[PDB]
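for now just these chains, pulled out of the complex without moving them:
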Amino acid sequence: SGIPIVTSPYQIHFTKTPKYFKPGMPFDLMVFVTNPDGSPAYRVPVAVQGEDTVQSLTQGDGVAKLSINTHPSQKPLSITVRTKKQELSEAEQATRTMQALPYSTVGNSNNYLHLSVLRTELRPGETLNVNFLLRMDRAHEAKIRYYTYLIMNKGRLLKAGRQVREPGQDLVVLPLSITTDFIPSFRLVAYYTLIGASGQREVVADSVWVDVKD
Amino acid sequence: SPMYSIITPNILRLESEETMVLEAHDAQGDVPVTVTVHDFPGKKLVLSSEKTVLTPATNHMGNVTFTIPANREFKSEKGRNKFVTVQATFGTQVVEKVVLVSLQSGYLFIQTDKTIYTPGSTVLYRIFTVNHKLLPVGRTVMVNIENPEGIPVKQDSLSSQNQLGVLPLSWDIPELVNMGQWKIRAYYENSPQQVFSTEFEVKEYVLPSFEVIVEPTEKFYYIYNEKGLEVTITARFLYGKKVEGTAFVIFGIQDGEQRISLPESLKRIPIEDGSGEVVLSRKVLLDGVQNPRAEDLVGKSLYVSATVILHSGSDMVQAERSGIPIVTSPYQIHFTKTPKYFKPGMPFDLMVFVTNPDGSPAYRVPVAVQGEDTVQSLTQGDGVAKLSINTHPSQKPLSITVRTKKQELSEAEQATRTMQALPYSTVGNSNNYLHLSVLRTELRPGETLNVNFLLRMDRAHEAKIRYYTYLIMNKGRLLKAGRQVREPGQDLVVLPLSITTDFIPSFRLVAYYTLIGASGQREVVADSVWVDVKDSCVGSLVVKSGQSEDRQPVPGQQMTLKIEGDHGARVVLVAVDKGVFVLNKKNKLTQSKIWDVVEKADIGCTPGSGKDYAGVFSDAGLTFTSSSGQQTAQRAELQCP
């Protein structure tokens, strides 16, 4: 029992997609396409309605990578996903719309932070690379000299460490050791701190969601 | 004034479709251009067709496709390098750059049904004719068969027209022939200097009845080990049954081309249940050679020459395994994939090619940098372990040494290697860099990819750049060009990429932009990267048995076998008894050999980056010429040093 009667042979979910995007940096979309019954679909070409040249194929986990080029504007950003699998009409393809809100800083100083992560069927032992994308003017760029990142597996502080960053670099890379104790997911949380505005302490943080093979 | 840029492959091929991407920067309106090709020296007017106009709507982008004709003038001289001139007429502006022209015009693959043939027996071989894009082509093939002493015995002149790239041929060996290593050699008519070959041997053999494989526990022998080398004999009948016989083993040291035997290592181990073992005490190995020194043995090799006899005294099979190294370190480090030029103040990639002593890639072995050893990684299934080092913004060259950090081993056994990388050099010391950080994993066709363009420039010149230009090599020629836009202020731009089945096996990606800097001097900053793709068929051909029941078919009983392949293709089949593979298993053909040949036939040999923009383009296998005067280096050698 439970065989559905749906006019669309595919479904689209946005449960894994972040609901807040940093303006002016790549906002990643975790499209979660599944079969009508509930099983995760595999190898279907998802795409954005605008600039159809962007497209990708889902991995074995039922999630497909995506990448957009957000404009540096504070207006709300809307994404709609429409699969473009061939040999089907324009009505069979599933559609879904989503409205994302921009990250809001303190004092409107545009002190952002982005943290992009490799997203595939990760395994314990295999190394990982995270990119720390700072965004500040060169007037206050030299004050920051380090990063602080936290790892949370099963709701506890699995590992806390400091990643150093020499002044002048617009990004750094932090190698990560995914042992068998990171199963099944973890959330990096990176933040820095500095004096900002005209004598007001400022903190900017970020987080990311990563899946590990169960 | 707007600059016109023409990008062409650094090496041209006769009778092939070679693209020439035409791009204009800061162009105004439609700018028609006609591309012409002239011989060097002189002016023979080989081809001047395929003119194209430019449109600002398409970002002033366009590629012209043609084919250089094959004439007797090119074939008149075959012993010296020849060049041609490509000229473009961008309206009232003229640009022309010389380029080397090679004679390679495809590949030849020779498949023989067997590998050993008795005198008086027929020979059946097929000649596969493919072009530089690995497609069927209609050309003329000369085929010659050479005896071991080097005397042609039979020559032919075939044509691949209407045969869909497959030429079946036969030859009858005379009943009275000198045995040895016979050779079959074939070459295209246009390029007689390029010779392809295979090797089949004539022997006075009779088919054996079983296969003997000697598999040592580890593919090496630690010098300080006290137990000594261990080798396991696994004799198995051809039709899937076990053997009950006796075996002889002899161990010999293979140094250079001279084989030294050990009389005292001979043993008579009774193989039971199709399995057996024999030891070699280190004392015997030490005393067998004249010098009792230990370190002198490093660099040499051992070989096992096992002879298996059945209890019935019916058949004897000699199985030999050679090339087991004698290395004090159970791992090796290679830097054939790591870029030789980093970018100051920018993340740097270190692909380490960790491999077993024999040559096979390793798997799941930790590696680490000597300094700040907190960075660790594990080799994937391909024997490549990713690394990442943060580089200080200093013009001084940086030295990196890597050392494996596997547990349960001492500090002496870990392999070490040292590498010196030179910093990227800009123009006028303007401190303008570009880096391209990309995923390097076991990529497959269809799965997406995320190129990370990482611009680095001062805020005073972050607005002039409004786009990017990227190119994709594959098998020596371009595959796809395009423009990736970038609005001002967006430091990072991501370019989604579709890896189709046509990107096999390794596509080299380049990227560059342009602007006006310093005090009005035009300049270009470029970058390149090397990416691997899974080595597999462009199509998908699978052979499987239709009959799922009636296990172990009786001889004389039919079966039906399915051929699952792409529609419209031609399939050639051959059935070979495994006895001949027991008696000779070398000089076969497989997908790995084909991809190795294709990779060897490339044009560039530097895995990304370079000394400068001209160096980057020269290493990536492209020549870049500008209307203003900016140009790459000059290439005049077919094989890179």
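Cool, the structure landed. Residues are numbered from 1 along each chain as shown, chains lettered A, B, ... in the order given.

now the residue positioned nearest the centre of chain A: how far from chain B?
Central residue of chain A (CA atoms, centre = their mean): residue A:28, 4.4 Å from the mean position. In this view, residue A:28 and chain B are 9 Å apart by CB to the nearest CB, to the nearest Å. (C-beta placed from N, C-alpha, C; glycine too.)

that residue contacts residue A:118, doesn't it?
No - under the criterion of CB atoms under 8 Å, residue A:28 makes no contact with residue A:118, lying 11.0 Å away.

helices along chain A, start to end?
Under the criterion DSSP state H, chain A carries helices at the ranges A:138-141.

tell me the domain ranges of it?
A:9-110, A:111-214 (CATH domains of a matching chain).

which one of the ones you listed lies nearest to residue A:1?
Smallest distance to residue A:1 across the domains of chain A (CB to CB): 10.5 Å, for domain A:9-110.

what's the end-to-end length of that closest one?
End-to-end distance for domain A:9-110: 43 Å, by CA to CA, to the nearest Å.

mind checking how far that domain is from the chain centre?
On the basis of CA atoms, centre = their mean, to the nearest Å, domain A:9-110 sits 11 Å off its chain's mean C-alpha point.

let's bring in chain C now:
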Amino acid sequence: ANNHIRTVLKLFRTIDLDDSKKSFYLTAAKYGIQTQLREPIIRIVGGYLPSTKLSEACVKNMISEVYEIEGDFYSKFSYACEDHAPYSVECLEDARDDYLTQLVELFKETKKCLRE
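Adding chain C to the chains above:
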């Protein structure tokens, strides 16, 4: 059983083939009939209780039609060999394919005589 196998052997020893035809052809045809219409049939027949009764009318029909099909094979081998020279081993091997295919399809069809 054993009596059934004796009866089957008696039926299969009544097959009369020309000696005048080529020796290699005769060996090929005999080997084909032995390995595709005797071995499976003898294996099937041997696994019967002694009390079970065996039919013979359509087995004699089998013999008549195997005569005629071997005659047609010899016809294809002798003069209907257009691809190569008459009485050459090449077209003998070529026609062996459909000869064996027809024989196995015949056995699959006739497997219903062995039990009434």
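
okay, which residue is most central for chain C?
What sits nearest the mean C-alpha location of chain C, by CA atoms, centre = their mean, is residue C:33, with 3.4 Å.

which phi and psi does the closest residue to chain C within chain A have?
Proximity of chain A to chain C (CB to the nearest CB) peaks at residue A:87, 37.5 Å away. Phi and psi for residue A:87, reported as degrees, to the nearest 10, are phi 50, psi 20.

go on, the one 4 residues further on?
Its backbone dihedrals place residue A:91 at phi -90, psi -30, with angles given as degrees, to the nearest 10.

quick one: it and residue A:7 touch, right?
Yes - Residue A:91 is within contact range of residue A:7, at 7.1 Å (criterion: CB under 8 Å).

part of a strand, is residue C:9?
No - with DSSP: H, G, I helix; E, B strand; the rest coil as the criterion, residue C:9 is helix rather than part of a strand.

and for it, the neighbour number?
Using other CB atoms under 10 Å in any protein chain shown, residue C:9 is surrounded by 12 other residues.

got a list of what it touches?
Counting by CB atoms under 8 Å, 6 or more residues apart in numbering or on different chains, residue C:9 touches residue C:42.

chain D should join the structure above:
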Amino acid sequence: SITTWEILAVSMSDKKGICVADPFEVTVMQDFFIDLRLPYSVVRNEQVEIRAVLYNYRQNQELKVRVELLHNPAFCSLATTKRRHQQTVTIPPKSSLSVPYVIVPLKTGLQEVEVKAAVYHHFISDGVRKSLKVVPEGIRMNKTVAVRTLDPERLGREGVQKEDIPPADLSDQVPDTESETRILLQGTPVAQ
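Putting chain D together with the chains above:
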């Protein structure tokens, strides 16, 4: 042949490219068969033994195999037109056996030998007919008939050259044996 076959498939697609399949293995095995092991070539008029192996890969059943060597006029074994060379051997299950025979070749060319086996208390037979090559006694030796340099301007004058090649006597050549004679032509490359 009782062995395993390897099938290698190669495609040729006008649109996709070229592919080479992974090898396919089919194992043709029977519960009872004969593997006649022969030297590749023997010498005329000199006794050489031959070995016939009677494999048996059934379950614990025992086989009372009867093997015979049918007479051939091209060999001198114990089998004649009237008399027959029969043996009644027993093969323990999951084991083997080797029945030796003595054969003396008579005429050169390409002769054949064969054995036939019939199982008692069952009905299954397998005969193997292989061909062993017979060569008259002798070895390989290659004397040069003649070697000369072709130069009509330098040899023979008048821009012409007539060369006489005397045939080799070959008084020691084996009777009724073929003898090839390869003729090689090679120019003199002069340059600079």
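
since we added chain D, can you redo the neighbour count of residue C:9?
Using other CB under 10 Å: residue C:9 sits among 13 other residues.

circling back to that earlier point, which SS class is the residue nearest to the centre of chain C?
helix.

quick one, what contacts it?
Shown in contact with residue C:33 (CB under 8 Å, 6+ apart): C:15, C:66, C:70, C:103.

any idea which element the second one lies in?
The one in question is residue C:66. Per DSSP states H and E: residue C:66 is located in helix C:57-78.

pull out the buried residues from that helix.
C:59, C:62, C:66, C:69, C:70, C:73, C:74, C:76, C:77 (16 or more other CB atoms under 10 Å in any protein chain shown).

isn't the second one up against residue C:111?
Translated: residue C:62. No - the criterion here is CB under 8 Å, and residue C:62 misses it with residue C:111 at 10.9 Å.

assign a three-state SS to residue D:42, would you?
With three-state DSSP as the basis, residue D:42 sits in strand.

show me what the closest residue to it other than its chain neighbours is bridged to.
Using CB to CB, 6 or more residues apart in numbering or on different chains and skipping the chain neighbours, the partner closest in space to residue D:42 is residue D:48 (4.9 Å). The partner list for residue D:48 in beta bridges (DSSP bridges) reads residue D:103.
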